[PDB]
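Below you'll find only one chain, the form deposited in one PDB entry, shown as structure tokens.
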């Protein structure tokens, strides 16, 4: 074969959640590199624990950006609710850390649902990941999200069956990608 064997597979009907810290670059300028990592370890350890409970598969950490998905690797119709419940636990956990530590950690949460490709790339140092426009969007929902609140798209709301009460997110006016692609956002109560 002329093309390296590719280790990727497609999966429809899944949910993606993104979480990022506010002014992280700014925060790293104050406390020592040693101390900062502890606050991050304290935070991301709890995060990973809650993930397994809520049936969410953690992907990877891009510095201060944490992301996991629901509906993988085995399909599930409860997927949307899982990610919503995930953020519920996350947002609360962030408060505890900020309270028991003193550091000003605040995070935005973004969710969207659709299809994704997943697997690994390259030869050296494999790390399970996901790729698709639906993932790119989920990432943009985090950018256009609100501190200490759960920002979701209309596609995610359709898989919620009307359990959680929502409100207009106006995500279009906060992020250019959301606007330019005609997206309707919502916020959790």
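Each form is matched to the other, and the largest set of C-alpha atoms that superpose within 1.5 Å is called the rigid core. Residue numbers count along the first chain shown, from 1.
Asker: Comparing 46-54 with 61-69, which stretch shows the greater average C-alpha B-factor in the deposited entry?
Answerer: The deposited B-factors put 46-54 ahead on the C-alpha mean.
Asker: Read off the CA B-factors in the entry, average them over 113-121 and over 87-95, and name the higher stretch.
Answerer: 87-95 has the higher mean C-alpha B-factor.
Asker: Could you tell me which third, lowest, middle or highest, the C-alpha B-factor of residue 170 occupies within its chain?
Answerer: It belongs to the highest third of the chain when residues are ordered by C-alpha B-factor.
Asker: Rank-wise, by C-alpha B-factor, drop residue 180 into the lowest, middle or highest third of its chain.
Answerer: It falls in the top third of the chain.
Asker: Please place residue 126 in the lowest, middle or highest third of its chain according to the CA B-factor in the PDB entry.
Answerer: Bottom third by C-alpha B-factor.
Asker: Residue 135's Cα B-factor: lowest, middle or highest third of the chain?
Answerer: Its C-alpha B-factor, which the entry lists for residue 135, ranks in the lowest third among residues of this chain.
Asker: Taking the C-alpha B-factors as the PDB entry records them, is residue 141 in the lowest, middle or highest third of its chain?
Answerer: According to the entry, residue 141 has a C-alpha B-factor in the chain's lowest third.
Form deposited in another entry: not shown, discussed below.
Asker: Quick check for you: superpose on the rigid core, then look between this form and the one not shown for a C-alpha move of 2 Å or more. Which of 29, 127, 161, 136 is it?
Answerer: The only residue crossing the 2 Å threshold is 29.
Asker: Could you check whether the CA atom of residue 104 moves 2 Å or more between this form and the one not shown, using the rigid core for the fit?
Answerer: Yes.
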